[PDB]
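Asks: Have a look at the structure that comes next, please.
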Ligand SMILES: *[C@@H]1O[C@H](CO)[C@@H](O)[C@H](O)[C@H]1NC(C)=O
């Protein structure tokens, strides 16, 4: 999507593993505000819009 | 005479969907809503 | 909560070898990312080396690519920086930084880092 139309999509009732994001070997700036990335997969939160 | 659909005409602002699988017959249900 | 004490500096002729270390004390398991900084005289402090503690992936700048390597020792909680094939443009102040928010390449001064005391590396 574009920056004039980046939709607030509700993708619900799923899972999302981030260990395959951790070993993707292509990330430049991985910044997780509020909570640490090491405790991101085991504990989650609501309102998981992307 | 096998299909009729005039119950709504509105398709904006959907949030959730769910699709599953379903006198002689007696059917029972209970509908309640506690804390979301 | 993260305290870094670094050492391993000194003077050597160009073409020699040196080895820096940066000992980490405190919340070791919260540290996710080790970055090595370098500030030349008359220049802004830039980034040289990078290390992810979880994955082990290394990132290097273009001026130090093929000559500089970085390694982690989890038993001593100390990151290592080995310098091979040194040139006299590397005379600078070196710093070690520990991150607890994730990994970001390239290194930037304005982000939150736990900063070391700094050491002098002089080559000629
Ligand atoms: C769609 O619903 C959300 C939830 O209240 C609301 O904030 C939004 O304004 C609605 N959009 C339109 C176009 O009415």
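With ideal geometry, Cβ positions are generated from the backbone for all residues, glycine too; neighbour counts draw on all protein chains shown. Bear in mind that the values in this text are calculations on the coordinates, not laboratory data.
Asks: Six or more apart or on different chains, Cβ under 9 Å: which pairs go from a residue in the range B:15-29 that's facing chain A (nearest Cβ under 9 Å) to one that's within 16 Å of the ligand (Cβ to nearest atom)? Could you list them?
Replies: From the range B:15-29, the pairs are B:15/A:10; B:15/A:12; B:16/A:10; B:16/A:12.
Asks: Which of the residues spanning the range B:9-23 are more than 16 Å from the ligand (Cβ to nearest atom) and within 28 Å of residue A:14 (Cβ to Cβ)?
Replies: Matches in the range B:9-23: B:18, B:19, B:20, B:21, B:22.
Yes or no, residue by residue, for (1) assigned to a loop (DSSP other than H, G, I, E, B); (2) loosely packed, with under 10 Cβ neighbours inside 10 Å; (3) within 13 Å of the chain's Cα centre (by Cα):
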| site | (1), (2), (3) |
| --- | --- |
| A:3 | yes, yes, no |
| A:7 | yes, yes, no |
| A:13 | yes, yes, no |
| A:21 | no, no, yes |
| A:31 | yes, no, yes |
| A:35 | yes, no, yes |
| A:48 | yes, no, yes |
